[PDB]
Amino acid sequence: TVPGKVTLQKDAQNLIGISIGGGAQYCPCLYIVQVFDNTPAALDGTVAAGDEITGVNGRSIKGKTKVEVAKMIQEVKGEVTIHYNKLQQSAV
């Protein structure tokens, strides 16, 4: 677990270019599921598939659904600071 944050410029459609997963009844943690090609997320290159989302613009995501965190990100315009954890996976 190496912690961080990064600020991504929204594109013209007010998207940074990620899907967020988790935040379900028994799975409190929130994760970046895909980084879509050719989006600001994709081009900065800090975050990746599998990284955990700990915060948006200086605010926890603790106990929120993926929708609520998706809203937290839409509502921010122009740029957005995604708090994360780079995480390991086990290949199989």
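The numbering used is simple: start at 1 and walk along the sequence shown.
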query	finding
At least a third of other PDB entries omit residue 27	yes
Stretch with the greater mean C-alpha B-factor as recorded in the entry, comparing 61-69 against 45-53	61-69
From 20, 80, 24, 15, residue of greatest CA B-factor	24
B-factor third for the C-alpha atom of residue 38 within its chain	highest
Entry-reported Cα temperature factor of residue 85, expressed as the chain third it lands in	middle
